[PDB]
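**Student:** Please find final.txt (compact mmCIF, C-alpha atoms) on the next line:
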# COMPACT_ATOMS: atom_id res chain seq x y z
CA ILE V 2 116.35 -1.87 77.00
CA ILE V 3 117.18 -0.78 73.46
CA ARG V 4 120.74 -1.78 72.58
CA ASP V 5 120.71 -2.92 68.93
CA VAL V 6 118.39 -1.73 66.15
CA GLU V 7 118.30 -3.03 62.55
CA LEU V 8 115.74 -2.58 59.81
CA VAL V 9 115.54 -6.21 58.65
CA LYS V 10 112.34 -6.45 56.61
CA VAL V 11 110.17 -4.32 54.38
CA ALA V 12 106.94 -6.19 53.71
CA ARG V 13 104.38 -5.48 50.98
CA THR V 14 102.26 -8.57 51.73
CA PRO V 15 101.66 -10.82 54.80
CA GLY V 16 103.77 -13.61 53.30
CA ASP V 17 106.60 -11.11 53.78
CA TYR V 18 106.61 -10.87 57.59
CA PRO V 19 109.67 -12.22 59.39
CA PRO V 20 109.26 -15.17 61.77
CA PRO V 21 107.67 -14.20 65.09
CA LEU V 22 110.32 -13.96 67.79
CA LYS V 23 110.12 -13.11 71.50
CA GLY V 24 107.88 -10.08 71.25
CA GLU V 25 106.44 -7.42 68.98
CA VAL V 26 104.86 -3.99 69.20
CA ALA V 27 103.74 -1.70 66.37
CA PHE V 28 103.41 2.01 65.68
CA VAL V 29 100.86 3.76 63.52
CA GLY V 30 99.17 7.14 63.13
CA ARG V 31 98.43 9.76 60.47
CA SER V 32 101.09 10.86 58.02
CA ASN V 33 103.15 13.76 59.42
CA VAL V 34 102.13 12.88 63.00
CA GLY V 35 105.76 12.67 64.09
CA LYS V 36 106.06 8.90 63.96
CA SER V 37 109.57 8.99 62.51
CA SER V 38 110.95 11.41 65.12
CA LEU V 39 109.30 9.26 67.80
CA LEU V 40 110.93 6.06 66.56
CA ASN V 41 114.24 7.91 66.34
CA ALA V 42 113.89 9.21 69.88
CA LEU V 43 113.10 5.65 71.03
CA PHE V 44 115.87 4.00 69.01
CA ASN V 45 118.05 6.95 69.98
CA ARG V 46 119.58 6.86 66.49
CA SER V 60 104.79 -0.75 53.33
CA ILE V 61 105.30 -2.29 56.78
CA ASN V 62 108.92 -2.04 58.05
CA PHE V 63 110.26 -4.47 60.66
CA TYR V 64 112.99 -3.37 63.06
CA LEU V 65 114.88 -6.09 64.92
CA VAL V 66 115.56 -4.94 68.47
CA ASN V 67 118.09 -6.67 70.76
CA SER V 68 118.19 -9.56 68.26
CA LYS V 69 114.92 -10.99 69.64
CA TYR V 70 112.01 -8.50 69.36
CA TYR V 71 110.35 -6.37 66.67
CA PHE V 72 109.20 -2.75 66.66
CA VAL V 73 106.89 -2.56 63.66
CA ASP V 74 106.60 0.71 61.71
CA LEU V 75 103.18 0.73 60.05
CA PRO V 76 102.22 2.90 57.04
CA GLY V 77 100.73 6.28 57.91
CA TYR V 78 97.15 6.93 56.83
CA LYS V 86 93.16 5.30 45.45
CA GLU V 87 96.30 4.48 47.46
CA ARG V 88 93.86 4.48 50.36
CA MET V 89 92.86 0.88 49.59
CA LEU V 90 96.51 -0.22 49.43
CA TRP V 91 97.14 1.19 52.90
CA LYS V 92 93.88 -0.35 54.08
CA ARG V 93 94.60 -3.91 52.95
CA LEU V 94 98.19 -3.68 54.18
CA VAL V 95 97.33 -2.79 57.79
CA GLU V 96 94.35 -5.17 57.99
CA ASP V 97 96.42 -8.20 56.91
CA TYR V 98 98.91 -7.36 59.68
CA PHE V 99 96.24 -6.90 62.36
CA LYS V 100 94.31 -10.02 61.43
CA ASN V 101 97.30 -12.30 60.74
CA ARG V 102 99.99 -11.26 63.26
CA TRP V 103 98.65 -12.76 66.51
CA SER V 104 102.05 -12.25 68.15
CA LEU V 105 101.35 -8.48 68.19
CA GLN V 106 101.39 -7.36 71.83
CA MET V 107 100.51 -3.68 71.52
CA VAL V 108 99.80 -1.00 68.94
CA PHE V 109 100.94 2.52 69.73
CA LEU V 110 98.49 4.96 68.16
CA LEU V 111 100.20 8.34 67.66
CA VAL V 112 97.88 11.35 67.44
CA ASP V 113 98.88 15.00 67.06
CA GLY V 114 98.68 16.59 70.50
CA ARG V 115 98.24 20.05 68.95
CA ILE V 116 94.71 19.42 67.70
CA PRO V 117 91.70 17.37 68.81
CA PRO V 118 91.54 13.70 67.69
CA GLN V 119 90.78 13.20 64.01
CA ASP V 120 87.83 11.26 62.62
CA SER V 121 90.31 8.78 61.19
CA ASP V 122 91.99 8.41 64.60
CA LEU V 123 88.70 7.39 66.23
CA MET V 124 88.13 4.95 63.37
CA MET V 125 91.45 3.26 64.10
CA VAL V 126 90.37 2.98 67.73
CA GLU V 127 87.07 1.38 66.73
CA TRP V 128 88.72 -0.83 64.17
CA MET V 129 91.33 -2.08 66.66
CA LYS V 130 88.58 -2.77 69.19
CA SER V 131 86.64 -5.09 66.88
CA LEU V 132 89.82 -7.19 66.43
CA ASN V 133 90.66 -7.14 70.16
CA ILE V 134 93.98 -5.46 69.32
CA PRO V 135 95.55 -3.93 72.46
CA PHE V 136 96.56 -0.30 71.91
CA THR V 137 97.99 2.71 73.78
CA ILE V 138 97.32 6.32 72.79
CA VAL V 139 100.47 8.43 72.27
CA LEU V 140 100.16 12.21 72.01
CA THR V 141 102.96 13.75 69.99
CA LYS V 142 104.33 17.27 69.49
CA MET V 143 103.63 18.36 73.09
CA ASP V 144 106.61 20.75 72.94
CA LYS V 145 104.68 22.62 70.21
CA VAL V 146 101.69 23.17 72.49
CA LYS V 147 101.63 26.63 74.10
CA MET V 148 101.80 26.76 77.91
CA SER V 149 98.29 28.25 78.09
CA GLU V 150 96.65 25.70 75.82
CA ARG V 151 98.19 22.51 77.22
CA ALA V 152 95.25 21.99 79.59
CA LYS V 153 92.42 22.57 77.11
CA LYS V 154 94.08 20.34 74.52
CA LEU V 155 94.77 17.54 76.99
CA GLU V 156 91.18 16.85 77.99
CA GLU V 157 89.92 17.21 74.46
CA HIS V 158 91.95 14.03 73.92
CA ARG V 159 91.04 12.35 77.22
CA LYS V 160 87.33 13.27 76.93
CA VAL V 161 86.99 11.98 73.38
CA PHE V 162 88.97 8.76 73.64
CA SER V 163 87.33 7.90 77.01
CA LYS V 164 83.99 7.54 75.22
CA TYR V 165 85.43 4.38 73.64
CA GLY V 166 86.86 2.94 76.84
CA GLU V 167 89.45 3.50 79.58
CA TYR V 168 92.73 3.70 77.67
CA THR V 169 96.35 4.57 78.50
CA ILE V 170 97.22 7.98 77.05
CA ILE V 171 100.88 9.03 77.05
CA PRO V 172 101.77 12.70 76.37
CA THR V 173 105.09 12.68 74.54
CA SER V 174 107.67 14.91 72.84
CA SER V 175 110.63 13.61 70.84
CA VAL V 176 112.27 17.00 71.52
CA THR V 177 111.92 17.42 75.31
CA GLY V 178 111.91 13.73 76.17
CA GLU V 179 108.44 13.91 77.78
CA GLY V 180 106.77 10.47 77.88
CA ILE V 181 109.73 8.64 76.35
CA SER V 182 110.75 7.04 79.66
CA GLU V 183 107.21 5.80 80.24
CA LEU V 184 106.78 4.58 76.64
CA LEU V 185 110.10 2.70 76.97
CA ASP V 186 109.08 1.21 80.35
CA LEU V 187 105.74 0.08 78.94
CA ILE V 188 107.49 -1.50 75.94
CA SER V 189 110.07 -3.23 78.17
CA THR V 190 107.31 -4.68 80.36
CA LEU V 191 105.43 -5.98 77.32
CA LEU V 192 108.45 -7.58 75.62
CA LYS V 193 110.69 -8.61 78.53
Output the file's structure in the form of structure tokens.

**Tutor:**
Amino acid sequence: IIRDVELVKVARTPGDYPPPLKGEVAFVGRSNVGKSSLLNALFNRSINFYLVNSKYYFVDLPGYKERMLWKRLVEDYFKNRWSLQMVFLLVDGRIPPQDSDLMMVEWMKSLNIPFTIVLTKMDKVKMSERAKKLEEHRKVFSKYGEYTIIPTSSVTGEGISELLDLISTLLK
């Protein structure tokens, strides 16, 4: 699916977004959630726009005072970019969901923005705690709806195949 990847646009305001093409997905989560390693594992190599295959975008959203800057930035994208097919919400698999994670879920719901939960850092979860940590995520998010939750690791490759297959379905 992924063959060519180029960072083509760094946007500080909505007037800065490149023309919609043949598809678009985005990625967001807390700072230090492992978003960069994830994108790298996927690519296998402000709002930043990566041209993929010359016809789609993978959008790298800012990780969450400067708080209001981040706030306006993401909101203008969500409310103005109707060609957004899916937001991947990355949450640290090592701890229970964060208040701010649940707020993103609620916020995305009010705008009818489709999203998929992605658990990161699963290779850092101890054998004996994988179970307890997994339902903490499923039990908490499921009180907002019935969402797709993909356990992933950019180190072991867990979930990457499925994330890639989901993204191919959406865009192709």

**Student:** Give me, please, the distance in Å between CA of residue 103 in chain V and CA of residue 33 in chain V, quoted to one decimal.

**Tutor:** 27.8 Å

**Student:** If you count only C-alpha atoms, which residues fall within 12 Å of range 160-174 of chain V, apart from same-chain ones fewer than 5 positions away, as a PyMOL selection string?

**Tutor:** chain V and resi 34-36+38-43+107-115+117-120+122-131+135-146+151-155+179-187

**Student:** Please save C-alpha atoms of the selected residues as a PDB file, in the frame of the given file.

**Tutor:**
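Wrote part.pdb, looks like this:
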ATOM      1  CA  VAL V  34     102.130  12.880  63.000  1.00  0.00           C
ATOM      2  CA  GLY V  35     105.760  12.670  64.090  1.00  0.00           C
ATOM      3  CA  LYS V  36     106.060   8.900  63.960  1.00  0.00           C
ATOM      4  CA  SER V  38     110.950  11.410  65.120  1.00  0.00           C
ATOM      5  CA  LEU V  39     109.300   9.260  67.800  1.00  0.00           C
ATOM      6  CA  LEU V  40     110.930   6.060  66.560  1.00  0.00           C
ATOM      7  CA  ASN V  41     114.240   7.910  66.340  1.00  0.00           C
ATOM      8  CA  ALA V  42     113.890   9.210  69.880  1.00  0.00           C
ATOM      9  CA  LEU V  43     113.100   5.650  71.030  1.00  0.00           C
ATOM     10  CA  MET V 107     100.510  -3.680  71.520  1.00  0.00           C
ATOM     11  CA  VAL V 108      99.800  -1.000  68.940  1.00  0.00           C
ATOM     12  CA  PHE V 109     100.940   2.520  69.730  1.00  0.00           C
ATOM     13  CA  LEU V 110      98.490   4.960  68.160  1.00  0.00           C
ATOM     14  CA  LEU V 111     100.200   8.340  67.660  1.00  0.00           C
ATOM     15  CA  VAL V 112      97.880  11.350  67.440  1.00  0.00           C
ATOM     16  CA  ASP V 113      98.880  15.000  67.060  1.00  0.00           C
ATOM     17  CA  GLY V 114      98.680  16.590  70.500  1.00  0.00           C
ATOM     18  CA  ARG V 115      98.240  20.050  68.950  1.00  0.00           C
ATOM     19  CA  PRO V 117      91.700  17.370  68.810  1.00  0.00           C
ATOM     20  CA  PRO V 118      91.540  13.700  67.690  1.00  0.00           C
ATOM     21  CA  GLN V 119      90.780  13.200  64.010  1.00  0.00           C
ATOM     22  CA  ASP V 120      87.830  11.260  62.620  1.00  0.00           C
ATOM     23  CA  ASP V 122      91.990   8.410  64.600  1.00  0.00           C
ATOM     24  CA  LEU V 123      88.700   7.390  66.230  1.00  0.00           C
ATOM     25  CA  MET V 124      88.130   4.950  63.370  1.00  0.00           C
ATOM     26  CA  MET V 125      91.450   3.260  64.100  1.00  0.00           C
ATOM     27  CA  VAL V 126      90.370   2.980  67.730  1.00  0.00           C
ATOM     28  CA  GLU V 127      87.070   1.380  66.730  1.00  0.00           C
ATOM     29  CA  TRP V 128      88.720  -0.830  64.170  1.00  0.00           C
ATOM     30  CA  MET V 129      91.330  -2.080  66.660  1.00  0.00           C
ATOM     31  CA  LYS V 130      88.580  -2.770  69.190  1.00  0.00           C
ATOM     32  CA  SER V 131      86.640  -5.090  66.880  1.00  0.00           C
ATOM     33  CA  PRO V 135      95.550  -3.930  72.460  1.00  0.00           C
ATOM     34  CA  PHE V 136      96.560  -0.300  71.910  1.00  0.00           C
ATOM     35  CA  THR V 137      97.990   2.710  73.780  1.00  0.00           C
ATOM     36  CA  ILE V 138      97.320   6.320  72.790  1.00  0.00           C
ATOM     37  CA  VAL V 139     100.470   8.430  72.270  1.00  0.00           C
ATOM     38  CA  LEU V 140     100.160  12.210  72.010  1.00  0.00           C
ATOM     39  CA  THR V 141     102.960  13.750  69.990  1.00  0.00           C
ATOM     40  CA  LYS V 142     104.330  17.270  69.490  1.00  0.00           C
ATOM     41  CA  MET V 143     103.630  18.360  73.090  1.00  0.00           C
ATOM     42  CA  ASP V 144     106.610  20.750  72.940  1.00  0.00           C
ATOM     43  CA  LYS V 145     104.680  22.620  70.210  1.00  0.00           C
ATOM     44  CA  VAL V 146     101.690  23.170  72.490  1.00  0.00           C
ATOM     45  CA  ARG V 151      98.190  22.510  77.220  1.00  0.00           C
ATOM     46  CA  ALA V 152      95.250  21.990  79.590  1.00  0.00           C
ATOM     47  CA  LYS V 153      92.420  22.570  77.110  1.00  0.00           C
ATOM     48  CA  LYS V 154      94.080  20.340  74.520  1.00  0.00           C
ATOM     49  CA  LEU V 155      94.770  17.540  76.990  1.00  0.00           C
ATOM     50  CA  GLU V 179     108.440  13.910  77.780  1.00  0.00           C
ATOM     51  CA  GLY V 180     106.770  10.470  77.880  1.00  0.00           C
ATOM     52  CA  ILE V 181     109.730   8.640  76.350  1.00  0.00           C
ATOM     53  CA  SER V 182     110.750   7.040  79.660  1.00  0.00           C
ATOM     54  CA  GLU V 183     107.210   5.800  80.240  1.00  0.00           C
ATOM     55  CA  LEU V 184     106.780   4.580  76.640  1.00  0.00           C
ATOM     56  CA  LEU V 185     110.100   2.700  76.970  1.00  0.00           C
ATOM     57  CA  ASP V 186     109.080   1.210  80.350  1.00  0.00           C
ATOM     58  CA  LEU V 187     105.740   0.080  78.940  1.00  0.00           C
TER      59      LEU V 187
END

**Student:** Report, in Å with one decimal, the straight-line distance from CA of residue 25 in chain V to CA of residue 89 in chain V.

**Tutor:**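 A separation of 25.1 Å between them.
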
**Student:** What is the distance between CA of residue 19 in chain V and CA of residue 37 in chain V, in Å to one decimal?

**Tutor:** 21.4 Å

**Student:** Counting all atoms listed in the file, figure out which residue out of V:91, V:105, V:116, V:188 gets nearest to residue 14 in chain V.

**Tutor:**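 Comparing V:91, V:105, V:116, V:188 against residue 14 in chain V, the winner is V:91.
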
**Student:** For range 94-134 of chain V against range 46-76 of chain V, with a cut-off of 9 Å and counting only C-alpha atoms, what is the closest atom pair and its distance in Å to one decimal for every residue that makes the cut, ordered by chain and number, as CSV?

**Tutor:**
residue,atom,partner,partner_atom,distance
V:94,CA,V:60,CA,7.3
V:95,CA,V:75,CA,7.2
V:98,CA,V:61,CA,8.7
V:108,CA,V:73,CA,9.0

**Student:** Can you spit out the residues from that selection as a PDB file, keeping the file's coordinate frame, using C-alpha atoms?

**Tutor:**
ATOM      1  CA  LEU V  94      98.190  -3.680  54.180  1.00  0.00           C
ATOM      2  CA  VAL V  95      97.330  -2.790  57.790  1.00  0.00           C
ATOM      3  CA  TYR V  98      98.910  -7.360  59.680  1.00  0.00           C
ATOM      4  CA  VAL V 108      99.800  -1.000  68.940  1.00  0.00           C
TER       5      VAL V 108
END

**Student:** Here is a test: counting all atoms listed in the file, which residue of V:147, V:93, V:158, V:4 is nearest to residue 45 in chain V?

**Tutor:**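 Using all atoms listed in the file, the shortest distance to residue 45 in chain V belongs to V:4.
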
**Student:** Which one is closest to residue 193 in chain V: V:23, V:86, V:92, V:13? Count all atoms listed in the file.

**Tutor:**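 Smallest distance to residue 193 in chain V is found for V:23.
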
**Student:** Which of these, V:8, V:134, V:29, V:3, has the shortest distance to residue 101 in chain V once you count all atoms listed in the file?

**Tutor:** V:134

**Student:** Go through V:32, V:90, V:96, V:102 and flag the residue nearest residue 20 in chain V, using only C-alpha atoms for the distances.

**Tutor:**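 Ranked by minimum distance to residue 20 in chain V, first place goes to V:102.
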
**Student:** So, with all atoms listed in the file as the atoms that count, which of V:26, V:10, V:133, V:44 lies closest to residue 100 in chain V?

**Tutor:**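 Selected residue with least distance to residue 100 in chain V: V:133.
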